[PDB]
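Here is the structure we will look at.
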Amino acid sequence: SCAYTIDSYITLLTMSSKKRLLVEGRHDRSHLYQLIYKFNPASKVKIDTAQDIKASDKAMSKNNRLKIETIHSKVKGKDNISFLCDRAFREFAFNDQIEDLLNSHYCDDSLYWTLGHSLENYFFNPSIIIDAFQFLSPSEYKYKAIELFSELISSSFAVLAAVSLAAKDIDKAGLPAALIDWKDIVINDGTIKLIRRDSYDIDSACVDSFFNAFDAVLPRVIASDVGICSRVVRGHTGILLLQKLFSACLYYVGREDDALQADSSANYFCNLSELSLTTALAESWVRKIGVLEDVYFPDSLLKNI
Amino acid sequence: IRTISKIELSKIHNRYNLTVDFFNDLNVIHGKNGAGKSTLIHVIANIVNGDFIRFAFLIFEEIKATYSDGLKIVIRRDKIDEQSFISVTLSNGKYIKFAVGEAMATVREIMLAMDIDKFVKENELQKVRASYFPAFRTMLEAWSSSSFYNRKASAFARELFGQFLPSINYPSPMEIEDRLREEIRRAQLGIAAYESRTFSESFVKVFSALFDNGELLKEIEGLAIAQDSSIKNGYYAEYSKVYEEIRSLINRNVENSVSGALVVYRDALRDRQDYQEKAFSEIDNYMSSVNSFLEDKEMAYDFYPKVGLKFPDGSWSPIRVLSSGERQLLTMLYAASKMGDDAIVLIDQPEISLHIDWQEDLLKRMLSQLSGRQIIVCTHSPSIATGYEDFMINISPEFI
Amino acid sequence: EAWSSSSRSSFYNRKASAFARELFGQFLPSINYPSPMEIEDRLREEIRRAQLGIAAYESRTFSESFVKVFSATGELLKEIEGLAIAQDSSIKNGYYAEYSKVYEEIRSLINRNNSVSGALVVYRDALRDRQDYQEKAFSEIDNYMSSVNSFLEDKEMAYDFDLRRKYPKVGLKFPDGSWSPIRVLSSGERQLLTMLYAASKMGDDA
Amino acid sequence: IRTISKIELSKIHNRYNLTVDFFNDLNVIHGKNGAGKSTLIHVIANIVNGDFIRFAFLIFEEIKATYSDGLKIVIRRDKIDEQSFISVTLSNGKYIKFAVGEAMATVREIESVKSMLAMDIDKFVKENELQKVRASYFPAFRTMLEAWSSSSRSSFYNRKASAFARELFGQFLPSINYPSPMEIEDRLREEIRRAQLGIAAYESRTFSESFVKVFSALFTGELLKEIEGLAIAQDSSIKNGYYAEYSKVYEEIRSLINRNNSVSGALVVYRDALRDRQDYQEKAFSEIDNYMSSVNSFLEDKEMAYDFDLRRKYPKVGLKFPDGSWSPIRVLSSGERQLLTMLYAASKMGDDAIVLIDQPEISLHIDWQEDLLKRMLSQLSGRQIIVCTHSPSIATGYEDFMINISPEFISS
Ligand SMILES: Nc1ncnc2c1ncn2[C@@H]1O[C@H](COP(=O)(O)OP(=O)(O)OP(=O)(O)O)[C@@H](O)[C@H]1O
Ligand SMILES: Nc1ncnc2c1ncn2[C@@H]1O[C@H](COP(=O)(O)OP(=O)(O)OP(=O)(O)O)[C@@H](O)[C@H]1O
């Protein structure tokens, strides 16, 4: 392919006089571009992606975090570049209750970590999810579905975190993405209970191990604080889980009027592209910054650049 | 509109085959050395311009071009009676087969081309043209300064790199300066016509205010200060004086008709300011796009019209004193402008003589002008294609 | 000129002067009589300069009239109607030719219902000033075209502009309405054109 | 030797001055657009070549050049009584001074044989030893320039190309001295011929000396295997393409031994003669094989090599394909030709010069840009290389040799 190596990119940092920011993926670039252009629409910061930098090492080829750490280590002390990574589950304690050992943004010579599990954890404020789902909806039974969803979202974060922890315990991170479907979800009085469906495309061994991990991790997540709980949810996992949770609540509360229409709307919502959902959440998240004190963003990173 | 969507190459140079699928807005072709990037650009430019007589000089078997609207052109190079014949077949079924030797004879003389353009004009194959930026822009610009320029430079370049090379038709900087002067004259004449309109309109407006029943002076003061301090004004720039006379006569003397006349005068001032801004909209957008790149100078106008570069000391210099990279930046920004010719912009190696801080922003500033044109670039630099990796096309030809 | 046209200006005449001194010895001076293309370019430049001065004078006149009109009959309307008819039916006002409608709107505004007479006389004075400035701007060109058209029989040298194309077209105008460039003139007409421009005020002092 | 060390500019185009400090091995010059990179390279190329008559076409005030050995050349442009004058003053006090109109007249006479001014300039630069080091100048427009040259040039004969390039890019542009691939091919053929002739002289000397040592010393299982390996390696080399019968002679000698002290000396001098001939073959072909190994490290589907046939006597130099075909060097693409010229200029076969390359990333893929400077420096020529580049893939790994250019604008 036509891309720079690590050394060529480091030399480019020496040659370029722009203010630069290095993130892992392109989606992070698009979201951060919206964030920067909100505060300064004429800002000249250029955002590069470590995904588009070739690495000679096979292991470092697809390890974005290792690329960022390697580059930051080799140019430690430069002034024109800042780095942002995803905290993932680092500095988190799973000693029967979720505990955050940092509870703030990490900083080490222009190297920063997201406050949550990843960049998408800033979208997990309930108002942003509401606004985004309301704007991007089939517009059939939106108001009642949003009202029900607003009831479910308080307790659903514990379920979502438990799902993410169950995924990371068996290292099958992408397993809940294809395993759990919105139909398995049941809409209770603010809570949900993903019944173990008898029929699944995936092998029963993975399903059984997943539910064993989920059952063994769920009381621990329940005992944790809600605010801490919303930050440990995996960024990519959470988006899909919310999409299914909204499909389930939409079909649950809209089937009485028209079961077929509710099913079509719910399936339509489940068939919405992840990129559409993330972009709508990103725009809503950008809009809520400065309006609500409960909406976070890497203020230190913006201040540094 | 109509955009290129597919190009298939079969046995070109008797050597390789290559099928490429395009986007309708931006395509960033990249590949290894000798992969046929430049040959692909030449084929696309010759097909889109309708200059099928170039294809007598290309050794191939079959070239298929598909547009966005479904129009399909298939070009074949057949061999009958130890003579090569180029066959062009449309989707309508109309076709034309012509001999290679006759095309070569018409090239050496410079009849068949008249038949070709009749076939093209009959079938509307020249609905959209193509602006071709070669990889040798700098020395060609230096050669031509020492459409007639297009014709002579095309002849010289086809003399050097073969006759299959398409017609060089990118805007030279001298053409850019001349067209900028022409746009300034048109904007001046439009402003003159607007003044004659608002002159006769405001007479009956004040005449209308005869029988109709503070901060306005400050707003008129601001408008007169802005208009007097406007570079688009060079003549009759004494609005401050008449504003002072008006406020003196006001302070000397209250009728609602006076306030209505103030409203009419304020509307006339701001409306002339709005037309003065909208007349120079394209020129200011192009120079704002250019001046976002240049560091210690600024391309600007100041009126006979003068178009040049202001330096921070206030001195003026012509466009000829610019470097190679700055001239290439000017040409590539003019091609994507709204005042540029509507075509398909084909640029071969846009990273030539450009610093990386300009290469990162070239595609962003070209697409942000909303020209709506399709841009296809062939590059070796990853900083040209950064931020637009969704449009990257990697070509790996099948060598035979 | 036939040798030149089958292959020049006051300032760029090197090949013509070289050919003339080749033919008639090197004592022969430089060929300084102008070409009709130079005359055409000079006419276009003078027309553009006249339009620019007209626009500046219109801005100044609007400013002066608005200053004059504030803090303040039938025959005035008849004179204004005649001025509007003259300016509407003038070739120089091709960029704006709607004065009689303006006059009719003014007359209807007066007619539906002193201090109005002052506005009337300053409007008439503004129209007179515009008409005089048009004649002042076009005096040299109108004098030159009056001198030229006193010789041409089946054509007249004339100018025409548009709001479609902003390029004022100058060339031969026939009474049937056809437009032709200046190169369609014969030898004698071109000689008369060059000798009248050489004696004109539009040409350089020489 | 002598390498450049400092260039001091004063009011180039009456607006900016510049001062650049160089290294003696590699100088990677980068800067903004319009910084004065190409102008700096033109100034250095004009100073080192001693073409001071170029400096009448530049608007400046004073130009000082310091070399590594301490020789300083100061060029000053003055305006006396509206007449402009160029005065060149050296560090030893020797100086010359001429008029700009005189220089323009000399250039016009060249456009039509040396002038008086050209003879004076040549006398001044010859008696002061101002032309110790040459300067190979690679322009940015070389890709179209060689296509223009190949449609109608050498380092010593580039008059037409220099005139055309000075017409296009102004008269300050230095002469286009960079080697054409035809010049590279001719130089390779001459080096192969010189190595073969030295090999023949070595054959005669080693034959006579070996006969003497054999006859004087006249009055083992491992040795035969070692001699067998040496004869097999001698027979399996391209350099022995005129005579390749060493294994047959070894088998005949072994059969002579096998059919029936002093003979041991003959065996060991045979092994020593084969070793000495093989080492002299490597030594005589050292630069050519090193250069071809540097070039063939880049080319993918072909490799440059030489071939000798006993029928003809012209040594064939060119491209070799895996299917056995041979093609000359003009069938290369543009990027491969750029690699060929830029690697020959950094080779030991090239002339002693200061290699000035403007924009080396022209028509090069990103894989070749990362290795060009490494393969130029790996030949150990000892040159001083000055490159003006915009590519970070060229300059990677050499951030100690990177020089930033920031000219100072002076207001007025
Ligand atoms: N007659 C010919 N004319 C042009 N190219 C030819 C011809 N015969 C063979 N080729 C090959 O066709 C290929 C196309 O060359 P071209 O210059 O278009 O390459 P590219 O992919 O644009 O890359 P680059 O700009 O690096 O050369 C090359 O590999 C060239 O060797
Ligand atoms: N004749 C001239 N008169 C005035 N200024 C000039 C003249 N020629 C060049 N300049 C200016 O002086 C500088 C010359 O820089 P130079 O030609 O070396 O640029 P460069 O290194 O090739 O630039 P780039 O990176 O844009 O290719 C530029 O700022 C240019 O505008």
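Cβ sites come from the backbone with ideal geometry, for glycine too, and all protein chains shown count toward neighbours. Each value in this text was obtained by applying a stated rule to the coordinates, not by laboratory testing.
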Requested in this report: Within region B:176-187, count every residue that is crowded, with 21+ Cβ neighbours inside 10 Å and closer than 16 Å to residue C:161 by Cβ.
Outcome: 1
Query raised in the report: Which of the residues spanning region D:22-35 are of a type outside the set (S, T, N, Q) and out of contact with any strand residue (DSSP E or B) (no Cβ under 6 Å at 6 or more places or on another chain)?
Result: D:23, D:25, D:30, D:32, D:34
Query raised in the report: What helices (runs of 4 or more DSSP H) completely inside region A:241-305 contain at least 1 residues that are of a type in the set (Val, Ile, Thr) and closer than 15 Å to residue A:34 by Cβ?
Result: A:274-288
Query raised in the report: Do you know which residues across region B:54-86 are assigned to a strand (DSSP E or B), within 33 Å of the chain's Cα centre (by Cα) and surrounded by fewer than 16 Cβ atoms within 10 Å (Cβ to Cβ)?
Result: B:72
Query raised in the report: What helices (runs of 4 or more DSSP H) completely inside region D:304-412 contain at least 3 residues that are more than 30 Å from residue A:17 (Cα to Cα) and under 15 Å from the mean Cα position of the chain (by Cα)?
Result: D:334-345
Query - Residue list for region B:211-245, restricted to those being out of contact with any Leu (no Cβ under 8 Å at 6 or more places or on another chain) and farther than 30 Å from residue B:304 by Cβ - result: B:212, B:213, B:214, B:215, B:218, B:219, B:221, B:222, B:244, B:245
Query raised in the report: Which condition breaks for residue A:87 when tested against (1) more than 11 Å from every other protein chain (Cβ to nearest Cβ); (2) out of contact with any helix residue (DSSP H, G or I) (no Cβ under 8 Å at 6 or more places or on another chain); (3) surrounded by fewer than 16 Cβ atoms within 10 Å (Cβ to Cβ); (4) in a loop (DSSP other than H, G, I, E, B)?
Result: (3)
Query raised in the report: Going by the structure shown, is residue B:347 within 16 Å of ligand 2 (Cβ to nearest atom) and crowded, with 22+ Cβ neighbours inside 10 Å?
Result: no
Requested in this report: Any residue in region B:38-53 that's away from every other protein chain (no Cβ under 14 Å) and on the phi > 0 side of the Ramachandran plot: show its pairings with residues that are among the acidic types (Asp, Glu) and within 16 Å of ligand 2 (Cβ to nearest atom) at Cβ separation under 8 Å, as long as the two are six or more apart or on different chains.
Outcome: none
Query raised in the report: Residues in region D:249-258: is at least one surrounded by 16 or more Cβ atoms within 10 Å (Cβ to Cβ) and touching a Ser or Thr at 6+ places or on another chain (Cβ under 7 Å)?
Result: no
Query raised in the report: Would you say residue A:28 is at negative phi and within 13 Å of chain D (Cβ to nearest Cβ)?
Result: no
Query raised in the report: In region C:188-204, what count of residues is obtained for those that are surrounded by 16 or more Cβ atoms within 10 Å (Cβ to Cβ) and either of a type in the set (S, T, N, Q) or at positive phi (or both)?
Result: 2
Query raised in the report: Can you tell me which residues in region B:285-297 are part of a helix (DSSP H, G or I) and surrounded by 17 or more Cβ atoms within 10 Å (Cβ to Cβ)?
Result: B:286, B:287, B:289, B:290
Report task. For region B:302-309, state whether one or more residues are more than 14 Å from chain D (Cβ to nearest Cβ) and within 20 Å of residue B:26 (Cα to Cα). Result -> no
Query raised in the report: Could we say that residue D:374 is within 14 Å of chain A (Cβ to nearest Cβ) and surrounded by fewer than 20 Cβ atoms within 10 Å (Cβ to Cβ) here?
Result: yes
Query raised in the report: Given (1) of a type outside the set (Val, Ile, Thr); (2) under 22 Å from residue D:346 (Cβ atoms); (3) within 14 Å of chain B (Cβ to nearest Cβ), where does residue D:16 come up short, assuming only one miss?
Result: (2)
**Report entry** Extreme residue, nearest to residue B:38 (Cα to Cα), among residues of region B:350-388 that are within 16 Å of ligand 2 (Cβ to nearest atom) and small (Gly, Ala, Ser)
**Finding:** B:381
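Per-residue answers, yes or no, for (1) in contact with a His (Cβ under 6 Å, 6 or more places away or on another chain); (2) crowded, with 19+ Cβ neighbours inside 10 Å; (3) facing chain D (nearest Cβ under 9 Å):
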position: A:4; (1), (2), (3): no, yes, yes
position: A:10; (1), (2), (3): no, yes, yes
position: A:18; (1), (2), (3): no, no, no
position: A:21; (1), (2), (3): no, yes, no
position: A:24; (1), (2), (3): no, yes, no
position: A:38; (1), (2), (3): no, no, no
position: A:54; (1), (2), (3): no, no, no
position: A:57; (1), (2), (3): no, no, no
position: A:60; (1), (2), (3): no, no, no
Query - Counted residues, region B:350-368 - those being away from every other protein chain (no Cβ under 14 Å) and either of a type in the set (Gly, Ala, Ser) or crowded, with 22+ Cβ neighbours inside 10 Å (or both) - result: 1
Query raised in the report: Assuming residue B:332 fulfils every condition listed in (1) within 14 Å of chain A (Cβ to nearest Cβ); (2) closer than 27 Å to residue B:165 by Cα; (3) within 16 Å of ligand 2 (Cβ to nearest atom) apart from one, which condition is it?
Result: (1)
Query raised in the report: Restricting the search to region B:46-76, which residues are more than 13 Å from ligand 1 (Cβ to nearest atom) and of a type in the set (A, V, I, L, M, F, W, C)?
Result: B:47, B:48, B:52, B:53, B:55, B:56, B:63, B:65, B:71, B:73, B:74, B:75
